[PDB]
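In: Output the structure for:
(4 chains)
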Amino acid sequence: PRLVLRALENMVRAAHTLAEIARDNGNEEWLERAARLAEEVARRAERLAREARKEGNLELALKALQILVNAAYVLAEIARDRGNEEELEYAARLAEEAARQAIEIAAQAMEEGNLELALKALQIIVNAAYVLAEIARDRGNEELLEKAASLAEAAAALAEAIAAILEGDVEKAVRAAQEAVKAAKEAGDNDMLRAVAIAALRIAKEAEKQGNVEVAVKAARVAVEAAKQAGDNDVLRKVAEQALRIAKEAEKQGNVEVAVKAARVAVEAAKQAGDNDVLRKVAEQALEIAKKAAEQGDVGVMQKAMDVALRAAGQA
Amino acid sequence: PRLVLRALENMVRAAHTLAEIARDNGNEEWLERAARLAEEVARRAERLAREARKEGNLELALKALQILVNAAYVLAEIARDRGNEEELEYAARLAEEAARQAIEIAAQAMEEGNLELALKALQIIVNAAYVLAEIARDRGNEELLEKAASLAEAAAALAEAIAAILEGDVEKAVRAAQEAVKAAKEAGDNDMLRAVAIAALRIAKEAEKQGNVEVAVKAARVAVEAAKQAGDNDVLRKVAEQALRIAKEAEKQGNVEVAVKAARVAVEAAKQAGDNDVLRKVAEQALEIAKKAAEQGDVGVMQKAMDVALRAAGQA
Amino acid sequence: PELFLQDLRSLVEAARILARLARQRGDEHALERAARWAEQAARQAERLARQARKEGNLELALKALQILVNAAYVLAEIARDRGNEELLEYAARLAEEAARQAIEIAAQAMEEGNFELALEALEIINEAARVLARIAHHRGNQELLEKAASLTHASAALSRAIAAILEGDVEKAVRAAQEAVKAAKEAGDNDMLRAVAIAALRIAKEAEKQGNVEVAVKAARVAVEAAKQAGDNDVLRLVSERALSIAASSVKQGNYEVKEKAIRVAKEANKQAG
Amino acid sequence: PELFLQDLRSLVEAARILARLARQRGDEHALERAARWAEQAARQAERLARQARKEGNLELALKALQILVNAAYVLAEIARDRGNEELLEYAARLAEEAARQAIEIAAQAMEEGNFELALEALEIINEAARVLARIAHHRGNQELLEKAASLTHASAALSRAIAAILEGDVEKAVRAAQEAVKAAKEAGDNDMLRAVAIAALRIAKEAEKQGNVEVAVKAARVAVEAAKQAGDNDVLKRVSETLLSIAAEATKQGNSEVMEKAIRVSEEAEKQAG
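Out: Residues are numbered from 1 along each chain as shown, chains lettered A, B, ... in the order given. Take a look at the structure below.
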């Protein structure tokens, strides 16, 4: 394992030196040799990364992704001086596909709570953003420049959110997350949305440990905002389950207003998902919330508790 | 190590079978192969015996000696039907120095007090002597019958005496030892007589534990009979040490008559060596015997103690 | 010990920052000051770098070489802008020596199968080559540029063969080695050819470990090509011995034809050794 | 298990003693009884000796073979007086297969380098011939006497050679083996020749361990002599392989002549395998 990664990286570094030497001298044969060398290494690296993911070692996988990103940088360096569109297209495909895989790694790492992997993965993603930018500029395409910028901003917000997950300021975390969904919704990238949602889920998980059900619901409001665009059914399920967990804490606190808002979120998500067991569990808890709101006896809150629970039943 | 002995023994088996088969045909070539093997076995076995005499595992040596006896039998079996004297002579010469070296092995074992090795070596000596006696009849050297016979008979008498030492009737052992020296004296090998004297020293060394100083003097009387033939200075020196040990105990036991006789034996040995240090130490203890006899008031024994002490002094 | 490398690196960094500053703020006295600091750091490192082979810590050795390579970048930059082709000579000699030493380190590591060090030494060689190319660009030495391209190609091929050995695809390794030997022939260095032969020996050793005698004969055929061009009798002897390993393994397989080839290869190696 | 052999020995002594008394008594019925006492042991013991090759306790195996040889003597002691050749032929064929199976045991023991068991098996072989010879004394075939003598001679020469290996001189051992192969050439048994070949292989391995490749070439040359006199392909493989092993050590010594010989003879062994 380790050796083969090192060796591939060293081959990429060799391709980098050769491309430097060739571009200084202007020799076409040396450029062609470099291109041939780089392509074969890229094909090798792609297979290695696919295997490393199946081995389930995320750390080795993200090193393989970094090797691929380095390879893409060299390929782009060759291509942008060579002057062919398919070479730039291949580099772009490599970069975006690596970024997809990297975000899937990051998503898994965030749900596992492995900060080290997640941080490394964001660095890989930032590096991919650099490669994408270099390609996009020299190719001349505003849409791909807009991808790179919006992805980079969303990544920066995710980094800020990860920092907030270390720091424990959940208001700061939500402030970041609001910008994160803003960027992600401007991009329309499914994996970026998936990442934002999973981040919001862990933010909520921590907010529950702190007992801050209010900010947890604010985070859930962002989570549904993203999830409603994305259609990740299992993420919608995780969101709905968490929204009920949050509502149960809001019941235990006696904060029926927060509990009713938590139901208002839960039903919004459930209506997209169509999961019947979730829908019935949601309506079940909606009646439990309404029961406790009736024990509090707040009439205007009960009109809402009615309206939500009855609308939920009207979908279920 | 032991592998080589097995191989040599089994080579003798082979040569023996080769002669056993060949005598029906008259196959002189098979007999010649056998004879050449038997000579080689003797040569290697002598080397083995010399090396074993450095290595100190006496069992390897005595087993090699039994192999030499067996090989000498094979030599004799081939030789007697050829009728040649040299073919008997070489085997006789080998057997003599083999037996002589075996007597050194037996001497060492009896001095160390390992009866097991003594019995083994003595049995080897009896077997070696059987080959010498068989050759002697077939060749007509009747004096070699005497020499073989005495060497055997003495070796057997020593074993019998060893059995009597183990039973504890030491005078029965002395009765055997008297016959042993007589037998040896009928052909007169000084090395055999050294081994006999060492056996008599073993008897004395054991008798010091038992306190029958009277029989111990009878054993010393055998010892000096043999030692006076051979003249080994350290044997004579050891005999003096034993005689003084016997005297020192016979004084404490009050048997000054046995003590005086022990001194009478002591000088009989010590005069042959002529070592003034021994002779003065002996005469000094002889005056201690005279002093002890005076302390008993045993007038005539004190006169005899004067006689023996002064006679002992009169030799230095 | 390690601190000396770290502080030597700091002196290189100070020299780098000074040189960068001096290109903005021109002063021949500061330029000479930087040149003195830089050459002193280089020679101070050189003492350690020569010493480290006696000490046998190859990691510290190749790290000392990395210092020399990094310093050579600064020396070349100062020299080419200042107009001192003698400092280009000194830097080139430092780099060429260091690379020659690194090739020996790589050979020893490949004899061990301690490929970690080999890959790193090859990395040092690549960076050394990068500096050499920067130097040669200003001298106009197209020959040195072709050699650098060849060298980097060859070190890459060695790296690929190494990877194929950790992967265990000895056939792909031999296919890569067939490229490597051509690249080394084009480079025209017998010590690089020794590295190629040592790699080919380690390839054949893997093929023997795995029992793949047929591919081992192909590996040996490449190995003896490299050795036949290099002229090193100790390599040719080791090749002949390995060829007899393959021959014995071929008789163990009962394959008379592969035995026959293995003997003919052992005899080619013997014919070149004389 | 052990009691079986001890009781069989007692029953063999009883049959012997009954026949000794029976000749004074002038009685044939006692000879019938004795022959039956003996046969009842012999057939069961033969099955045990065969079975023991599965069980791997070669000490009990060779002890059972010795019991069979001791019985064979007693059987001959009756049969030579009783005047029936079928009984003599049964005993002879039984003894021939017993000696042959002892050689099969010895071949395994010498391949394993267990000279200890080898000398004991060779001891069985040395004694076993005596019964065939004392039978042949009465049957009048000098040809059987020659076979018997030769059978002992070859096992004795192996014993003489084994001693020189344990004493640690491979050249003296090879000289003794050169006598042994001539003794086996007079004897004309392929399985004895296999025992010689296995010994010559173990000797060659010793000579390699001691670095005396020249002597090892002689040792293997004797090994292939035995195989060339009586064919065994797996011997010829092992020999040809070992001769490359010798050639490799000869390469390590730099002795091109001994290496070339070791290759040429490795090739002869392959050429004989065909």
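
In: Name the residue closest to the centre of chain A, please.
Out: residue A:195 (2.0 Å; C-alpha atoms, centre = their mean).

In: Contact residues of chain C facing chain A?
Out: C:115-116, C:119, C:122-123, C:126-127, C:129-130, C:133, C:137, C:142, C:145, C:148-149, C:152-153, C:155-156, C:159-160, C:162-163, C:166-167 (C-beta under 8 Å from any C-beta of the partner chain). In short, each C-beta sits where N, CA and C put it, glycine included.

In: Using PyMOL, define a selection of the buried residues within the residues you listed.
Out: In PyMOL, a selection of the buried entries from the residues of chain C next to chain A looks like this (16 or more other C-beta atoms under 10 Å in any protein chain shown):
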select buried, chain C and resi 115+116+119+122+123+126+127+129+130+133+137+145+148+149+152+153+155+156+159+160+162+163+166
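
In: Name the nearest residue to residue A:288, ignoring sequence neighbours.
Out: Once flanking residues are discounted, residue A:288 sits nearest to residue A:251: 7.0 Å by C-beta to C-beta, 6 or more residues apart in numbering or on different chains.

In: you'd agree residue C:201 is up against residue C:242?
Out: Yes: the pair residue C:201 / residue C:242 is scored as a contact, 6.0 Å apart, by C-beta atoms under 8 Å.

In: which of these two has more neighbours?
Out: residue C:242 (27 against 23; other C-beta atoms under 10 Å in any protein chain shown).

In: So the more buried one versus residue C:208, what's the distance?
Out: 7 Å (C-beta to C-beta, to the nearest Å).

In: Would you map the strands across the stretch 151-274 of chain C?
Out: Ranges of strands within the stretch 151-274 of chain C: none, based on DSSP state E, counting those that start in this stretch.

In: what about the helices in it?
Out: For the stretch 151-274 of chain C, the helices defined by DSSP state H, counting those that start in this stretch cover C:170-187, C:190-209, C:213-230, C:233-252, C:256-273.

In: And for chain A?
Out: If DSSP state H is used as the criterion, the helices of chain A fall at A:2-25, A:28-54, A:58-82, A:85-112, A:115-139, A:142-167, A:170-187, A:190-209, A:213-230, A:233-252, A:256-273, A:276-296, A:299-315.

In: Just the residues contacting the helix or strand harbouring residue C:8, thanks.
Out: Per DSSP states H and E, residue C:8 falls inside helix C:2-24. With contact meaning C-beta atoms under 8 Å, 6 or more residues apart in numbering or on different chains, helix C:2-24 is reached by C:30-31, C:33-34, C:37-38, C:40-41, C:44-45, C:48, C:60, C:63-64, C:67, C:70-71, C:74, C:77-78, C:81.

In: do the same with stretch C:156-169
Out: Contact with stretch C:156-169 is made by A:3-4, A:7-8, A:10-11, A:14-15, A:18, A:37, C:106, C:110, C:115, C:118-119, C:122, C:170, C:172-173, C:176-177, C:179-180, C:183, C:195-196, C:199, C:202-203, C:206, C:210, as judged by C-beta under 8 Å, 6+ apart.
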